Amino acid sequence: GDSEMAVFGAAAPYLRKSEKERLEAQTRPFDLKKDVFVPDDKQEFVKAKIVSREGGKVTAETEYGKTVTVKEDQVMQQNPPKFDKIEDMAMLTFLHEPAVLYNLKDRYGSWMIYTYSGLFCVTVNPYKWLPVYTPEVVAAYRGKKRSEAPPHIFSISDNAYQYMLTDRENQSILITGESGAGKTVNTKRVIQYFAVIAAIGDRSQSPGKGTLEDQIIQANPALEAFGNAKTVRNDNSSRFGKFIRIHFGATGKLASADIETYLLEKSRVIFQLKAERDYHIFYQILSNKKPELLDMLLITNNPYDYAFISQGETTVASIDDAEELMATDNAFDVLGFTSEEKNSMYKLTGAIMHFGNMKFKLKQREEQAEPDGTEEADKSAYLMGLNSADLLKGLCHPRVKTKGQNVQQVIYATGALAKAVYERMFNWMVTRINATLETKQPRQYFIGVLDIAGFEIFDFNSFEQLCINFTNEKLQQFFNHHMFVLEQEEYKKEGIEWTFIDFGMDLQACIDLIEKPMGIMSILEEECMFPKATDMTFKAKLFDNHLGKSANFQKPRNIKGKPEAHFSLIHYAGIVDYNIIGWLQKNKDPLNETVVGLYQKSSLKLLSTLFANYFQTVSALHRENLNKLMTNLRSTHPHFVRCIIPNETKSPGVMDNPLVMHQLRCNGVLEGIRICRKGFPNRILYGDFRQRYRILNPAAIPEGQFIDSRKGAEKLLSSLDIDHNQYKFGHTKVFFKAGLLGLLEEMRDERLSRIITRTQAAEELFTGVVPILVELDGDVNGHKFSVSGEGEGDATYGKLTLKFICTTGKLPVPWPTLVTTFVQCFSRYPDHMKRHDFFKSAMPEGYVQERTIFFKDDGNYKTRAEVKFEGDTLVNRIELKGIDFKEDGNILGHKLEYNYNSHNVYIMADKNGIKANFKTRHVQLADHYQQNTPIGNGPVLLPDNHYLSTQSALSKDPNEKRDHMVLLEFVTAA
Ligand SMILES: COC(=O)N1CCN(Cc2cccc(NC(=O)Nc3ccc(C)nc3)c2F)CC1
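Residues numbered from 1 in each chain as written, not as in the entry; some residues may be left out. Heavy atoms only, no water. Residues with missing side-chain atoms left out of burial classes, pairs and counts.

Chemist: Could you give me a rundown of the UniProt feature "binding site: ATP" in the chain, with the residues and numbers involved?
Modeler: UniProt annotation of "binding site: ATP" refers to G177, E178, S179, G180, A181, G182, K183 and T184 when read in the numbering used here. Along the chain, the position of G180 falls in the loop between β8 (171-176) and α6 (183-197). Apart from residues lying up to four places away in sequence, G180 is in contact with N125, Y127, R233, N234 and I645. As for its placement among the helices and strands, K183 is situated in helix α6. Excluding residues within four positions of it along the chain, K183 makes contact with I175, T176, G177, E178, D451, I452, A453 and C643. (UniProt positions renumbered as here; feature names shortened; annotations may be inferred. Helix = DSSP H or I, 4+ residues; strand = E, 2+ residues; numbered from the N terminus. Contact = heavy atoms within 4.5 Å.)

Structure, rendered in structure tokens:
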């Protein structure tokens, strides 16, 4: 309702449309039989309208106008309009891939970027400023359960906070997405929200300016200068994963915080694709906004003077590198870094710029490298606190147990050293930030925010992707297991006896293949400890150990125009081809240990600290960090946020179906649907079930007040031709397999469809004024008489007007005893009761109206009429037989008044017809026992218990010689 949305002010249209909008959208034309989804080559899925069918093929017209034919089993139902832009997609009737996709797309196209799907909060990058993050919207989300407000990431944050205070247990919020999907912005939103609402925070010996909240928030511009970069998909992309824990003490007050980082993209430091930059800090320093830095670093202000940082782009329209240097330098001040610490970091950064400018050439006629120039090597060693001759001597002639390098190797070696200094500098800075955020105030609970690259499949997938995907496999298993426990709780609460093996188990084989002994990483680790091992011997040890034995391990699918791969892995998100060139190298990450010896002895304390503790391979460390991350996550109640990148052109409002589909298959959303689908995903309250699927068998669910809805559903379902094992009865709901409710929904559309046909046929049979002929042949107490009637009928107004003439003299019985006997098909059924118009539905074949009228005093009429169309005219042909009538009685002795009273005709059903019962007052009592039955061996509408309200007006035509009756009757159903 609209008033509930008032509290959101200007944000409201971006969170939920008004009931006026929503009313319209849910009245749009829809045919469950024609409006479908079909697969599509270029778009994955598209809507389509079915045009024709034959031989188990379907022909349809795509929403793009393309004619297509497809196998019947490839056609999927659309959800009806009541479900348009639904806020939680777990409520959809049809919950297949295109239904999810098109709900997202519909919501996003109306500027609603947030959507729930079960546990998931789904966020679509808007590419546009939205007014939904104001203080007013913060206030309106405080303390609300998820269901009490529109979808929003504030809901996730506020609830995670309240769960911690209320349950006194750790919480985590897991945020994934592809690069550019908006993980980093969402992560900041969530942490800013904690800083706004968290209770402080009793005061007590720690570096930093401001409050802990200021410091937590300032860790961002600090880390982003060294860990973020202009990529093709995002001007400000994090190239590292991040887990931040915000700690609270025993009474719920903000206590401290710590950050862990993962998987910094080292390669970016010395290499860029054409449309990308290196990390921000290089261009920030180069902005000359703090000129003493250019002097301290022995550099110009031209990035193109530096090979490591100028292979792609060097300026970004959206980024003022000058302003950002101040933000970076300010952040290091707030976090309590000394000027020595700060400057030492700037120096190492300048040193790395120079490193990549050092040139080398070949000796006169040898294959040995020697320095070409020496200037840039000099500037570099100086900043690093090292001897320049020692540096260049280390590079060219390393010591083992000792020498030998060509130009290729030297160029390779300096590049690896640049990357290693930079990575270890990054870790150092994070540990220093952690030292500021450490307040030594007691901690009892935390809220962990994890922000890491999601599962991604590239054209070329190498060792780094394997690490990403392994992590995400472990994170998806974690979700599955959590989803399993909640499902069990739900089936238990409802008393449904169901179970299955833990959903997290489905991912165990993939995980074991990667992580157990003799698994892929174990082999890689074993192999790079062998000096003579090669990429080819590695390939072999994997195949020899797993091809044929581990089903998730497979031959590469070497597809189309995609680069060479060596094996393929079956992950939850799909099958991935891995290229294993260079993995022995990447895993052991060899460094020139002569030059590392110099770093260790540097006079610059920082550089010396960075290599102090210098065996461990990349994969062993990753395993260690992941295990530490998962132990933390498993101690929490988790919440999951999915970021979606809608398109590749930063365009607001528009979605590429395939891009979004890939993401949905990879990020857990479709996974979540699949595993709940193992059980009984569709759940319906007994009340809603009756008020929706009654029409399938109206007999088994009576009408009225106090109705036993569980019995109604148990009787109705038991009476259909369906797999009775595909539903179970809980305390308050019916649980359905997805296929079965989808069938009930098709059957309902079919039954509803037949009805609309039959009622339409039966109204265009009574459109216009309709001619009536009435014929009676009476026989009361042995005295025959005959009445004839002629008049006009008009069902639209529920009016009829007839003249009746006794064509055999004076009438043996009073005229008001023949009204009930003298065409209820002219009743006006309201525009909403029409399916209950039995009389019209029996036409033109007509119906038999048999009656038995017992009069109080006298005897009784036995009536049998046939009411059928007969040309363009409606004929009511009655035969009557009054018997055992008192000759002195108020009937036969013409005692009754010349008037009629209003009655209700109480209609029930039978089978193929109806039956009524009513008592007429004249004042003489008379009870009617009416039965109607069709005459055509064809379908008629049996109605729910209802009554006809009838009014009858007896008059005389003053000009009529013969004994007669003029009648006016007004009849309407209710
Ligand atoms: C991202 O995907 C996932 O994580 N999942 C989303 C969908 N899943 C399937 C599922 C499981 C449990 C209950 C429901 N449905 C619901 O509660 N009521 C309901 C109401 C009316 C009708 C026709 N069907 C059901 C349900 F869809 C739940 C997790």
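Chemist: Pulling in residues and values, what's your account of the domain arrangement of the chain?
Modeler: Each domain of the chain was delimited in the assignment, giving domain 1 (453-637) and domain 2 (678-762). Counting the surface lost from both domain 1 and domain 2, the interface buries some 1000 Å², and carbon and sulfur atoms represent 53% of this. At the junction of domain 1 and domain 2, the tally comes to three salt bridges. Between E490 and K733 there is a salt bridge, with the nearest N and O atoms lying 4.0 Å from each other. Applying the counting criterion to the domain 1 and domain 2 interface returns eight residue pairs in polar contact. Class assignment of the residues belonging to the side of domain 1 that touches domain 2 gives a composition of five nonpolar, one polar and six charged. (Domains from an automatic or database assignment. Buried area = accessible area lost by both parts, 1.4 Å probe. Salt bridge = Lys/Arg side-chain N within 4 Å of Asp/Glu carboxyl O. Polar contact = N/O pair within 3.5 Å; in protein donor to acceptor, adjacent residues only side chain to side chain. Nonpolar A, V, L, I, M, F, W, Y, C, P; charged D, E, K, R; others polar.)

Chemist: I'd love a proper account of the pattern of salt bridges, names of residues and values included.
Modeler: One pass over the full model with this rule turns up 54 salt bridges. Linking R233 and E178 is a salt bridge whose minimum nitrogen-to-oxygen distance equals 2.5 Å. Each of the two residues, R233 as well as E178, counts as buried. Here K586 and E464 are joined by a salt bridge, their closest N and O atoms 3.4 Å apart. Of the two residues, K586 sits in helix α19 (residues 583-588) while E464 sits in helix α15 (residues 463-493), which places them 122 residues apart along the sequence. Owing to a relative accessible area of 40%, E464 belongs among the partly exposed residues under this scheme. (Buried < 20%, exposed > 50% of the residue type's maximum accessible area, 1.4 Å probe, protein only.)

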